[PDB]
């Protein structure tokens, strides 16, 4: 009944859907939340070719805008599973079932947790995984950011609009982030560093975070310091629960594809951050997306 169903309307899925529709495939794009995925949790995007800078949510809007006019069927759905029935597949949401000849999985990735005490307890209360969502709640605080990669360092620079200071805690003596972002963090006066450290505990009164305990990973020295907010940016986990049974994920849960975005399962493709890969960006999400769209077109042509 559908030629293609695409799960997830971040930039990879939205690009796929734009292509399947231009190919006049009967196209359903399922999204559990707001179109844009992670781009909506991004303050400022500087490295998407075509725009010198653009707010995450504006880029999200621009990419979603033409889909309806192309005849993409945009629907709300949280997908809970996928059943393969050889010459077709069933996708199960909370309420519905959807029959399709092919699937492009574009469900991305989610924040990795610290799994330390106080992290859950203070979830609503000074612990955040999204600077653009929560930063203004921490005006004039001492903010802590945990992590050393592009999200930690970039989101720390953003958080300097709000905090008295922002401190980046990284578990080595060298950041992983892009040099230009590093260099911008080195130079920014409101950014402090706690190198070679990991957090051990988040502590607070009954209402909110007050301090963090942390350990130096070369000496074992333990320190506790006061902070009003903690943003955690220590990497990503796949968002692929609905396919765990299917034999298409690696040991860590990422979807395995070949270079044409194909899983084991004919007619089931995956794109973007959810795939097992190293280089997660909007550019590679968009490319993966277009590639999947084309492979699905071909797959459906042969069916």
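Positions refer to the first chain, counted from 1. Under this definition, the rigid core comprises the largest set of C-alpha atoms superposing within 1.5 Å between the forms.
- After a core fit, the C-alpha atoms in 6 other deposited structures of this protein lie farther on average from the shown form in one of 122 to 130 and 104 to 112, namely 122 to 130.
- Stretch 230 to 238 is the one, of 245 to 253 and 230 to 238, whose CA positions lie farther from the shown form in 6 other deposited structures of this protein once all structures are superposed by the rigid core.
- Higher mean CA temperature factor, per the PDB entry, when comparing 160 to 168 with 79 to 87: 79 to 87.
- According to the PDB record, 115 to 123 carries the higher mean C-alpha B-factor of the two stretches 192 to 200 and 115 to 123.
- Going by the entry's values, 208 shows the largest Cα B-factor out of 208, 215, 176, 184.
- The entry lists C-alpha B-factors for 264, 60, 38, 27, and the highest of these is at 264.
- Per-chain ranking of the deposited C-alpha B factor places residue 56 in the middle third.
- Ranked by Cα temperature factor within the chain, residue 269 sits in the middle third according to the deposited record.
- Remark: residue 108 belongs to the middle third of its chain, ranked by C-alpha B-factor as recorded.
- Residue 140: CA B factor lies in the highest third for its chain, per the PDB record.
- Among the modelled residues of its chain, residue 50 has a C-alpha B-factor that falls in the middle third according to the deposited record.
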